[PDB]
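Before any questions on binding or motion, here is one chain by itself as structure tokens, the form deposited in one PDB entry.
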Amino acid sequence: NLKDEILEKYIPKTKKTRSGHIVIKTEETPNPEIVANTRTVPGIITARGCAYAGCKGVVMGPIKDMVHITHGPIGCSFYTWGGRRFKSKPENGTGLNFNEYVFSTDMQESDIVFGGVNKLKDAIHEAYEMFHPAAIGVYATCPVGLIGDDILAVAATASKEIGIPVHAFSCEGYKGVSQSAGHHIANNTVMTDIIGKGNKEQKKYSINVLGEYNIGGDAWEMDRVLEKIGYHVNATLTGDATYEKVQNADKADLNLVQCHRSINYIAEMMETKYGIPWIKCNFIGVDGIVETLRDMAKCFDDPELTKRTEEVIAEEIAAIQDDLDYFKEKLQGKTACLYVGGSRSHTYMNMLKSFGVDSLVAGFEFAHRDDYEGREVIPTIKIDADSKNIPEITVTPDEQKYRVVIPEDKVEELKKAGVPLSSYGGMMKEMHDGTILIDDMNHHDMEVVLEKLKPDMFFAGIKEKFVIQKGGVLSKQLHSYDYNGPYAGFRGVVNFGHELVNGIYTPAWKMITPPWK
């Protein structure tokens, strides 16, 4: 019926194509089916971005000692200058860091007509001479694949001449239907051209965190806790990452998938090519963090590490429990909606639950059916016309490298225990009964949700934030963390909670109506 109320104003054609995007969870339909990762309806005011953003903006950008050159006109570049808050520092205090710059070929009319490959060649050389980075990236924009520029070929010539890797990405913004295609596009070239290539020696308890971009320092907070326990963090893809360290991602025994959507492609291929397994992790929310660390200790199976684990948990939770009780005190019974990208809508749910907040509504901008419904449905997934021309890549066990990190029999008993090895259960199962999912939620939808359910809080992004607050409802951003962080880890929960309480109890919410009414 809320589904009905949302669909009501859509014209017939739109009503029909949207209906499948909105599902109400019921106990009888425990595993309900949603439509996702389809094209955006024109004119309906989506939040979505493009393939270029998913590739250059999200996955690649954070690699700090690599120069990322946008091949396009100036905006694709300008709009990726610091808006996404991946944190970087010079490695060990001395490594290169280009976070504070954006690089572009600033294409002009001549380039659109006569072609742009000569400006691109020149750009690449200028950047090598000037900066001498570990690598240079070249990123396509909308016009590039239509004017005929061959950026793969251009990168090869230049990389020949200069003596370092030059990675081309064909992430024109019209590819796929969303940022999603850019994730996939980046994963492909990263896998084949960067992972493995590292000549460094593994280490004891070596692990990678995958699909984590160190927004507001999230990753440093994860790492901190991970190291007390004893682990070595061979690599984080790609938050605060160096090029060399991505080359050396293979030097690990366990892959942790924080953002499933953006990085799973690489999770799978690393298992296939190098025989490294992976679990879904959620380093946000105390429940999520503990559950995660408890899971990893098992894959490693180690009385000491396993004990050290439950120790650090104790002193960390000790250190913050007073804060947790405060949040619950000040937030108990509050209601929430979450519309984030393709991961956080779900990963923030346990935290809100421990605050006693009820999540009534959730959705993803650009996630796929497996993020809603879990990976078990992958076999039923039909790639549609709008994503057909996103390339699939195949890898095969590397002989001199491949390994069986977890004996076959052993894997299956961990899965027996509930350890998400090569698995992700999806957002829907974690949600309460009678709640609702809305894929590619648009302005019209959100408004109906706001009138009908009257949440106390609505998490989303910068485009929605003020629309929500103009209506007297608190909206905290869960992409940019409203210029705060970490929100991940144990200290993250404190940060998050204190920000949320402060938002709810801001006095001015009560002063909106003038006394002359």
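Residue positions are given as counts along the sequence shown, with the first one as 1. Rigid core (definition): largest C-alpha set, two forms, superposition within 1.5 Å.
Q: On average, are the C-alpha B-factors higher in 83-91 or in 426-434?
A: The recorded data point to 426-434.
Q: Can you tell me whether 485-493 has a higher mean C-alpha B factor than 50-58 in this record, or the other way round?
A: The stretch with the larger average C-alpha B-factor is 485-493.
Q: Which one of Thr292, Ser77, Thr189, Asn248 shows the biggest C-alpha B-factor in the PDB entry?
A: So the option with the highest C-alpha B-factor is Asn248.
Q: Highest Cα B-factor in the deposition, which of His184, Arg224, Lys119, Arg261?
A: That would be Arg224.
Q: Among all modelled residues of this chain, ranked by Cα B factor, put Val23 in the bottom, middle or top third, i.e. lowest, middle or highest.
A: Ranked within chain, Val23 CA B lands in the middle tercile.
Q: In terms of the chain's CA B-factor thirds, is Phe300 lowest, middle or highest?
A: Answer is highest: the recorded C-alpha B-factor places it there.
Q: Once the chain's modelled residues are ordered by C-alpha B factor and cut into thirds, is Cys171 in the lowest, middle or highest one?
A: Lowest third of the chain for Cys171's C-alpha B-factor.
Q: With respect to C-alpha B-factor, does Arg308 fall in the lowest, middle or highest third of the chain as deposited?
A: Its C-alpha B-factor belongs to the highest third of this chain's values.
Q: Please place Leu324 in the lowest, middle or highest third of its chain according to the CA B-factor in the PDB entry.
A: Answer is middle: the recorded C-alpha B-factor places it there.
Note that the form deposited in another entry isn't included here; everything after this is about it.
Q: Among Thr189, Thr306, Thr292, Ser387, whose C-alpha is off by 2 Å or more between the shown form and the other one on a rigid-core fit?
A: One residue passes the 2 Å cut-off, namely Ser387.
Q: After fitting the rigid core, is the C-alpha of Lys416 off by 2 Å or more between the shown form and the other one?
A: Yes: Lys416 shifts by at least 2 Å between the shown form and the other one.
Q: Since the Cα-Cα distance for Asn187 and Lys415 shifts by 3 angstroms or more in that other deposited form, is it a contraction (closer) or an expansion (farther)?
A: Residues separate in that other deposited form, at least 3 Å farther apart.
Q: Taking the cut-off of 3 Å or more as given, in which direction does the distance between the C-alpha atoms of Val257 and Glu413 change in that other deposited form, closer or farther?
A: It is closer: the C-alpha separation of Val257 and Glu413 falls by at least 3 Å in that other deposited form.
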